[PDB]
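Visitor: Quick note, the sequences are listed as chains Y and U, same order. Add 20 to a position in the first sequence, counting from 1, and you land on the number used in the working numbering. Add 20 to a position in the second sequence, counting from 1, and you land on the number used in the working numbering. Have a look at the structure that comes next, please.
There are 2 protein chains.
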Amino acid sequence: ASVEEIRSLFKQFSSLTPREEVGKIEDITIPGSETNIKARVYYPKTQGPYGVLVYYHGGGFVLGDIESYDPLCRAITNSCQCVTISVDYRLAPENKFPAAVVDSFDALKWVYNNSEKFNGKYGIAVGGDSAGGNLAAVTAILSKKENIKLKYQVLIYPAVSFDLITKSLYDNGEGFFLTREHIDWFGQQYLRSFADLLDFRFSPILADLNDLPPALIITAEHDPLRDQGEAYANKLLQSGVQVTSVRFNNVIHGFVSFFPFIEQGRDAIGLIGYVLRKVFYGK
Amino acid sequence: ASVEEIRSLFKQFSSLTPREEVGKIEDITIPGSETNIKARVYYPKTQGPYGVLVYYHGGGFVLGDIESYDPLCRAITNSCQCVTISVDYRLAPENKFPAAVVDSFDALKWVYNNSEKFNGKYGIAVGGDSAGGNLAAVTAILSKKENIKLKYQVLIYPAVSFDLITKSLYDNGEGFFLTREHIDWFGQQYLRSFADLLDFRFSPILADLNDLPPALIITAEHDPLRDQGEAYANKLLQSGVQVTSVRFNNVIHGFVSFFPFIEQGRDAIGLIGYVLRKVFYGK
């Protein structure tokens, strides 16, 4: 199948996942530095003021979008009882690195500067899964540099480094949905050249991690990205940042997206909701 | 340092921990088959009806008690929004195996048969940490044998088997609070003879685990008991029981008891609260 066919397939598969009712949904356009960035704003059913999670979908920088991630963003919204803003960042191969990062950061800065629009008085967090977790992490690094003060970062099986060495890569690189061949191919679509492998905006493990917001990092036992995610937690800890790093056993990369039929995915969304309700509301 | 001494230092340290307000607290005495069993009943600040969590404290079968665990059980009560009944089972070396088990199962049976005193319409679960997670797991096995239908079991770094073989036992057996010498000494205080090593009431991994209640099993990366706790989860799964097995990284055996200082401990309590709210209230 073509990239277009697979992008469509994501949306199609999404229509088989129940969409939880939320308080209110609205589609906005965020004025970006290089583009106008579509976002979907989900309000919870509770009364404000709120904390605001800016969310970046996964899909290897190439696939996924607001629609296919709509069921997950609804479930997250209800779990965290917070405003969630799902960002349609530019995808590769059409828009090479660093387009996704530029959009993800532009969107966060705007949300931060406009949180009053969402009655966002309890502060701003970032979150995302896989490639989205990469973007959340990188967005949190870029924020510190600009004195944007984030409450929290939720990194769901994030990609944090180019990797040819982790045990989990070789143990889990075939037969568990996300394969070596996928990882290589996504990387070729996204990156401009070999030099980009030196860029912290692609590999956030490279960055100086002190003074970043506190983090929840979820990894999956049977995931090739598992070891590198747990390494990112370690480096955060070494840099004096609080992080709860949790390995969900018996599950694969992507498991949180399959929450309707992987119960561990539901429980992960429950934990995400707990930590955000805690940091935002003292709950 | 004598048994009575080390019990007292445990008590004293826990004495300095700020206690969370709950709804109401009632002390009760359950008529056990071998003894009168003190239990403390914690009501959440919400209104009923409730699910009920029967909780067994850790401490190697030798230490801990209602008072010393009082801060944790308050924290759990507020997180799960459920009635929590902390059980004062008989301790070793004064009362050897299977005294703790007899008391734990007698308490659970009585609560189950008396669920109305607690407005416990939404059903009964068991939970416990360490030696208490052993007791919860064993209580669930004994329940199934007598047709008592529990909703859930929460096993926090449980002891599930006599162990001379797991990699975590050797990797983590010194320097991380719970040492080989402790494990040896506790087992020496608790067990009657070598024959007790065949008894599933000591090593619940031995039991047929079919038809047991769904489980949350929390392990700790730097814990000698880690591998066996993950084995128990895998054996449950193999037996057709739903289980969410989560390894909290960067922490040691006992970390949930240190929740006031170890934020990962607080997040573990959040997760426990989520899974129980979900199973009881469909939240």
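Quick reminder that beta carbons are idealized off the backbone N, C-alpha and C, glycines included.
In this structure, does DSSP put Y/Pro224 in helix, strand or coil?
Guide: helix
Visitor: Tell me the DSSP secondary structure of U/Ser34 in three-state form.
Guide: helix
Visitor: Quick one: grab the DSSP three-state call for U/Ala179.
Guide: coil
Visitor: Scan the region 275 to 289 of chain Y for residues whose Cβ lies nearer than 7 Å to a Cβ of chain U and list them as they occur along the chain.
Guide: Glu283, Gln284, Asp287
Visitor: Please state if the CB of Y/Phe268 and the CB of residue 306 of chain Y are separated by a distance shorter than 8 Å.
Guide: This structure cannot settle anything about residue 306 of chain Y, because the visible part of chain Y is limited to 21 through 303.
Visitor: Using the beta-carbon count (16 or more within 10 Å), is Y/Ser28 buried or exposed?
Guide: Classification of Y/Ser28: exposed, given that the 10 Å Cβ count is below 16.
Visitor: Count the C-beta pairs between the region 272 to 285 of chain U and the region 115 to 128 of chain U that are closer than 8 Å, then say yes if the count reaches three, no if not.
Guide: no
Visitor: Could you give the residue range of the alpha helix (DSSP H) that holds Y/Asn154?
Guide: 151 to 165
Visitor: Going along chain Y, which residues have a C-beta under 9 Å from U/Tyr190?
Guide: Chain Y residues near U/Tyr190: none, gap ~18 Å exceeds 9 Å.
Visitor: Name, going along the chain, the residues of the region 51 to 75 of chain Y whose beta-carbon falls closer than 9 Å to a beta-carbon of chain B.
Guide: No chain B is part of this structure, whose protein chains are labelled Y and U.
Visitor: Check for me: the beta strand (DSSP E) holding Y/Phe268 runs from which residue to which?
Guide: 263 to 268
Visitor: Cβ of U/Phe268 less than 8 Å from any chain Y Cβ?
Guide: yes
Visitor: Would you mind reading off the limits of the alpha helix (DSSP H) that contains U/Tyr132?
Guide: Its alpha helix (DSSP H) spans residues 119 to 133.
Visitor: U/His202 by DSSP, collapsed to three states: which one?
Guide: Of the three classes helix, strand and coil, the one that applies to U/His202 here is helix, per DSSP.
Visitor: Determine the closest residue to Y/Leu211 out of Y/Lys58, Y/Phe81, Y/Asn56, Y/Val72, with distance taken between C-alpha atoms.
Guide: Nearest of Y/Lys58, Y/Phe81, Y/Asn56, Y/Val72 to Y/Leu211, Cα basis: Y/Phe81.
Visitor: So which residues on chain U does Y/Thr264 lean against when the C-beta distance must stay under 8 Å?
Guide: Result: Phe268, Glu283, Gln284, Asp287.
Visitor: Should U/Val295 be flagged as near chain Y, meaning a C-beta pair shorter than 8 Å?
Guide: Chain Y contact via Cβ: present.
Visitor: Closer than 9 Å, Cβ to any Cβ of chain U: which residues of the region 248 to 261 of chain Y, in chain order?
Guide: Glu250, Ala253, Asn254, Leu257
Visitor: Identify whether U/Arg110 lies in helix, strand or coil by the three-state DSSP scheme.
Guide: Coil, per DSSP.
Visitor: Taking 8 Å as the CB-CB cut-off, is U/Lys164 touching chain Y?
Guide: no
Visitor: Provide the residue(s) that pair with Y/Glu283 in DSSP beta bridges, ordered along the chain.
Guide: None, per the DSSP bridge assignment.
Visitor: Rank Y/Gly249, Y/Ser188, Y/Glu114 by C-alpha distance to the C-alpha of Y/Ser181 and give the top, closest one.
Guide: Taking only the C-alpha atoms, the option nearest Y/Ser181 is Y/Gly249.
Visitor: Is there at least one Cβ from chain Y nearer than 8 Å to U/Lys187's Cβ?
Guide: no
Visitor: Under three-state DSSP, which class holds U/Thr55?
Guide: coil
Visitor: Based on DSSP bridge pairs, tell me the residues matched to Y/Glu46.
Guide: Y/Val61
Visitor: What separation, rounded to the nearest whole angstrom, lies between the Cα atoms of U/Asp108 and Y/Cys93?
Guide: 44 Å
Visitor: With Y/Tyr75 as the anchor, note down where its beta strand (DSSP E) starts and where it stops.
Guide: Element bounds for Y/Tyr75: 72 to 76.
Visitor: By how many angstroms is the C-alpha of U/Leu217 removed from the C-alpha of U/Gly148?
Guide: 21 Å
Visitor: Would you report the Cα separation of U/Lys303 and Y/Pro224, rounded to the nearest angstrom?
Guide: 36 Å
Visitor: Answer yes or no: does any C-beta atom of chain U fall closer than 8 Å to that of Y/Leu232?
Guide: no
Visitor: How would you call Y/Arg286, buried or exposed, if buried means at least 16 neighbouring beta carbons within 10 angstroms?
Guide: buried
Visitor: Could you tell me how far apart the beta carbons of Y/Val42 and Y/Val72 are, in whole angstroms, since I believe they sit closer than 8 Å?
Guide: Not really, about 14 Å apart at Cβ, beyond 8 Å.
Visitor: Return the residues of the region 83 to 107 of chain U that lie within a Cβ-Cβ distance of less than 9 Å from chain Y, sorted by chain order.
Guide: Flagged, chain order: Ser99.
Visitor: Note down, in chain order, all residues in the region 212 to 239 of chain U with a beta-carbon under 7 Å from any beta-carbon belonging to chain Y.
Guide: Going along the region 212 to 239 of chain U in chain order, one finds no residue with a Cβ nearer than 7 Å to chain Y.
Visitor: Which one or two residues does DSSP pair with U/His242 in a beta bridge?
Guide: U/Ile272
Visitor: Check the Cβ-Cβ distances between U/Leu291 and every residue of chain Y, and say whether any is below 8 Å.
Guide: yes
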